[PDB]
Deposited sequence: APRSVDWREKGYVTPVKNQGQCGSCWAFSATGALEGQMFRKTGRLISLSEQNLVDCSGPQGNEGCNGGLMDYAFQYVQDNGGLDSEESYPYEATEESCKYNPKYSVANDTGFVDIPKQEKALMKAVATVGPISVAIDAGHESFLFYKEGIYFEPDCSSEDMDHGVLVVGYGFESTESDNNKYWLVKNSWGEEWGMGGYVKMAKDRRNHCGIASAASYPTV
């Protein structure tokens, strides 16, 4: 696999979004992975609706602003037969009644793939598939106050990941890291991104809940 990978360079990634004060990170991680796979297939990058997922994927197991899973979001898109665009179904940072309208559906999926729980496997998926949805342990002050550099929290756990994010690549500094897109706005970290420690024993559990949709 390549020494460095950055899908942002190829047009697979939308600008950084902001989930605000709502536990919908799983929806932002899911739209991020879908935006990438839809792009790989059609050559068109279209921002997708996190609100649609928040309001309508309860049957699949999600709990709107009180939590969810990226895999549940992917299953919803398949079950539902579509997912609306961000433009057609704006984000409100609060759960509301389902307003899905197939007329504005711009993405879909025929299943999803759960990646083996090894950084090596995550690296191959990132190198061959595109941006990958993952969960990390962001349960620490240091993550909330992060601004720059390779994030490495000594107290990180590879078993209690509590925050869904998107791996858009990986690289090394002149020391290895995963390039991660967060959903906390562009004023957090590096324009909304964080360089998470790579090949440091699955630091913060980055490889333990990695998946992507098949479109």
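| task | Show which contiguous pieces of the deposited sequence have no C-alpha coordinates, counting from residue 1. | result | Missing C-alpha atoms (numbering from 1) occur across the range 175 to 179 alone.
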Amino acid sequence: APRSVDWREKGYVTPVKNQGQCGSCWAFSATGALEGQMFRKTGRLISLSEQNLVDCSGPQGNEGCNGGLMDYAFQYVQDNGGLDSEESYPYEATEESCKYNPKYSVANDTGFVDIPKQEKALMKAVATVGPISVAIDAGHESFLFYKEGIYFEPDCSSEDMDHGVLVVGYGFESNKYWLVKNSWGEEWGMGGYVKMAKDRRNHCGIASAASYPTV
From here on, numbers count along this sequence of modelled residues.
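| request: Averaging the C-alpha B factors as listed in the entry, name the stretch that ends up higher: 156 to 164 or 143 to 151. | output: Result: 156 to 164.
| request: Decide which of the stretches 67 to 75 and 89 to 97 has the higher mean C-alpha B-factor, going by the entry. | output: It is 89 to 97 that shows the higher mean C-alpha B-factor.
| Between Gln51, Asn175, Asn62, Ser183, which carries the biggest CA temperature factor in the record? | The C-alpha B-factor peaks, among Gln51, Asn175, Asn62, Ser183, at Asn175.
| query | For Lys17, does the deposited CA B-factor place it in the lowest, middle or highest third of the chain? | reply | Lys17: CA B-factor falls in the lowest third of its chain.
| query | For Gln118, does the deposited CA B-factor place it in the lowest, middle or highest third of the chain? | reply | As the PDB entry reports it, the C-alpha B-factor of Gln118 lands in the highest third of its chain.
| message | Going by the CA temperature factor in the PDB record, which third of the chain does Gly81 belong to: lowest, middle or highest? | response | Tercile = middle for this residue's CA B-factor.
| said: For the chain shown, is the CA B-factor of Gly111 in the lowest, middle or highest third of its modelled residues? | reply: Its C-alpha B-factor belongs to the highest third of this chain's values.
| query | In terms of the CA temperature factor given in the entry, to which third of its chain does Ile136 belong: lowest, middle or highest? | reply | Middle third, going by the recorded CA B-factors of the chain.
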